[PDB]
Amino acid sequence: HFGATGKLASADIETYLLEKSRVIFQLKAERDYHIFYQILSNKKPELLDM
Amino acid sequence: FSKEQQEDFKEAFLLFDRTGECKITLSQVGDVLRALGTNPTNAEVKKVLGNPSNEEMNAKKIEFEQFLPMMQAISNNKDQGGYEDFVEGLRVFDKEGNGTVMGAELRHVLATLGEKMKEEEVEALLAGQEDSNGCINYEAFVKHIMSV
Amino acid sequence: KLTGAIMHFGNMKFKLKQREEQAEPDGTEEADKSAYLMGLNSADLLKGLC
Amino acid sequence: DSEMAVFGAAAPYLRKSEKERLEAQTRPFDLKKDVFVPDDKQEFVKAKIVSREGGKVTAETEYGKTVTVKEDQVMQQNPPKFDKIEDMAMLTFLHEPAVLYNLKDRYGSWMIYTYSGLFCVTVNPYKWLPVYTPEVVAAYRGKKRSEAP
Amino acid sequence: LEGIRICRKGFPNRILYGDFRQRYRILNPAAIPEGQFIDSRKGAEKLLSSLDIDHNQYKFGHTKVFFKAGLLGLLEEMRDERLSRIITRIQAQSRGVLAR
Ligand SMILES: CC(C)n1c(=O)cc(N[C@@H](C)c2ccccc2)[nH]c1=O
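What counts and what doesn't
- Residues numbered from 1 in each chain as written, not as in the entry; some residues may be left out.
- Chains lettered and ligands numbered in written order.
- Part of a larger assembly, values for the part shown.
- Heavy atoms only, no water.
- Contact = heavy atoms within 4.5 Å.
- Buried area = accessible area lost by both parts, 1.4 Å probe.
- Salt bridge = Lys/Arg side-chain N within 4 Å of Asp/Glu carboxyl O.
- Polar contact = N/O pair within 3.5 Å; in protein donor to acceptor, adjacent residues only side chain to side chain.
- Nonpolar A, V, L, I, M, F, W, Y, C, P; charged D, E, K, R; others polar.
- Near = heavy atom within 4 Å.
- Areas by Shrake-Rupley, 256 points an atom, 1.4 Å probe, with all protein chains shown as cover.
- Helix = DSSP H or I, 4+ residues; strand = E, 2+ residues; numbered from the N terminus.
- Pairing = 2+ DSSP bridges.
- 1 Å grid on protein atoms, 1.4 Å probe; cavity = no way out; pocket = protein on both sides within 12 Å on 5 of 7 lines; lining within 4 Å.
- Points joined across faces, edges and corners; volume = space filled by probe spheres on them.

Method of determination, as annotated in the archive: cryo-EM, at 3.7 Å resolution.

The structure is reproduced here in structure tokens:
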């Protein structure tokens, strides 16, 4: 969204259909959502403790 | 022009020349011809000169007798824009449509986007012409600058 | 001029779209006559009205 | 092109080089003979007309294979002056192989974006072009589709 | 392919007569003199006829003007060339009277 002057004023995100089943089932040659492996890959001690 | 026109043109150069009789301002003379006659785009001045160097613009001083023809040549570039031509210009900067232009983007437009201008002039041209809300009545600004 | 525009303003003819049930001007000559008097624009006047 | 300098290091990955401009005027191409012909392993292949036999035509493909197809299924090749144009709506001959090969010649040179008139086609590079860092954003500010690649 | 077929043959570009007049009046203020009434249809007719572009590229609708595929880009190129010309010529005036 932009103002009458044209400068950025806000942004709205809308989502339509998350593949909620992908969270539990994936075929060969594909991943689940990236969040899980990116958290696990750094083994960041503060997150690996939390 | 009349023979009495060239004399009063001459004494503009005679006041601007700080030399007792060998100067006329190669860097500043075209800027003054705006006042004595009509006003060009500086690029057209540079095209009649034939695109000199910036160091030439800062160091060179030219000879007046060759400049008398330049007075007419710089006067020659017709199809200058009229009042309606100018007033429809700043409306594209007007993102409201009511007849005001905010000076925060008006000075920005005049400084950044067209030909170069000496910025202090941009500060002082609109100074005193603003309103309390911080805008300009550009149809007045155009009928100001076309007249005087 | 404002009295005159209130006269012209009744001469604006509107027509329903074949499926949207939305008003669009057929009588654009009366709407641009009105806007010319009130100092609006024919398009944004018609868009605002409809 | 001297104006390409505004994109910095991203410039080679958006528009063809000056050599490709000069090569285009020197390519061997005959508008009446150069045509696309369908193939099995690949949808279309360039081919060269060798003879005319009324309603039946015979031609030799770029791989030296002989083919015979009726004139209803043969499509003239686009001249090299329109190769890799940035907007496929400006193609002179528009058909399935003209778009296929217009995408293929651009994509093989990592020029991944191409317009198609009112809409645009982007082909997945799979390897990065430094075409997404802050410096190009400034080059795209206020520029129109006629100006920027 | 079909979308190109329609873009090349058809009239993909379209403007309301009022927004056309409002935006591109900067292209020829004399074709649409203000201070006097002129219907949206005949005004757009005179302005576009004055542009000297290929007249086979457009046709007029009941409420929108219609252009061939490649015209609208050329009109925006034309308008920004004019806006550059004019903001520099208003600067011609600004410098001229400021120097006065
Ligand atoms: C059909 C569509 C592509 N279109 C146009 O063809 C022109 C529009 N508006 C005009 C006023 C305009 C032209 C060019 C740039 C900005 C705006 N709107 C539109 O929706």
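Novice: Sorry, what's going on with the interface of chain E and chain B here?
Specialist: Many authors give the size of an interface as the accessible area that is lost as the parts come together. Taken together, the 20 residues of chain E in the interface contact 29 residues of chain B. Summing both sides of the interface, chain E and chain B together bury roughly 2500 Å²; the carbon and sulfur share of this comes to 61%. Sorting the residues of chain E by area buried against chain B places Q91, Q93 and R95 of chain E first, and these three jointly supply 25% of that buried surface. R95 of chain E is the partner of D31 of chain B in a salt bridge, and the nearest nitrogen-oxygen pair spans 2.8 Å. Our enumeration of links across chain E and chain B arrives at nine residue pairs in polar contact. The class makeup of the residues in the side of chain E that touches chain B is ten nonpolar, five polar and five charged.

Novice: What is the right way to read the site of the ligand from this model?
Specialist: Residues and elements named next belong to chain E. In the vicinity of the ligand, the residues found are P12, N13, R14, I15, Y24, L72 and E76. One nitrogen or oxygen atom from the main chain of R14 is found 3.3 Å from an oxygen atom belonging to the ligand. For the ligand, whose unbound accessible area comes to 470 Å², protein coverage reaches 56%. Of all elements in the fold, only β1 (13-16) and α4 (71-99) reach the threshold of two or more residues within the shell around the ligand. Top contributing element to the shell around the ligand by residue count: β1, with three residues. In terms of residue class, the shell around the ligand is made up of four nonpolar, one polar and two charged.

Novice: Looking at this structure, how should I read the pairing of strand β4 (residues 66-70) of chain D?
Specialist: If a strand is regular, its side chains alternate between the two faces of the sheet. Residues and elements named next belong to chain D. Where strand β3 (residues 56-61) lies against β4, five bridges are found, and the strand directions are antiparallel. Residue pairing for β4: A59 is matched across the bridge by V67. Linking two consecutive strands that pair antiparallel, namely β3 and β4, is a turn of four residues; a positive phi of about 75 degrees is found at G64 within it.

Novice: For this particular structure, what's the right way to read empty space enclosed by the protein?
Specialist: Residue and element names in this part refer to chain B. As enumerated under the stated definition, the model contains four cavities of 30 Å³ or more in all. The space that makes up the largest cavity amounts to roughly 50 Å³. What lines the largest cavity is simply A12, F13, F16, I24, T25, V29 and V32. Going through the elements one at a time, α1 (3-16) and α2 (29-36) are the ones with two or more residues in the lining of the largest cavity. In terms of residue count, α1 provides more of the lining of the largest cavity than any other element does, three residues in total. By residue class, the composition of the lining of the largest cavity is six nonpolar, one polar and no charged. If you add up the space inside the second largest cavity, you get close to 40 Å³. The wall of the second largest cavity is formed by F1, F9, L33, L36, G37, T38, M71, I74 and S75. For the lining of the second largest cavity, the secondary structure elements donating two or more residues are α2 and α5 (64-75). Residue classes in the lining of the second largest cavity are distributed as six nonpolar, three polar and no charged.

Novice: When you look at the arrangement of the chains in this model, what are you seeing that I'm missing?
Specialist: With four pairs of chains in contact overall, the greatest share of contacts is found between chains B and E. Of all C-alpha pairs spanning chain A and chain C, none lies closer than 16 Å, and the two are not in contact. One thing to see here is that chain A and chain E don't touch, and their nearest C-alpha atoms sit 17 Å from each other.

Novice: Mind showing me how you'd approach the side chain of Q77 of chain D here?
Specialist: Residue and element names in this part refer to chain D. Structurally, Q77 can be placed in the loop between β5 (75-76) and α2 (96-107). One polar contact links the side chain of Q77 to the main-chain carbonyl oxygen of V35, over a distance of 2.8 Å. Of the polar contacts made by the side chain of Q77, one reaches the backbone oxygen of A47; its length is 3.4 Å. For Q77, the residues in contact, after removing those within four places along its chain, are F29, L31, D34, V35, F36, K46, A47 and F93.

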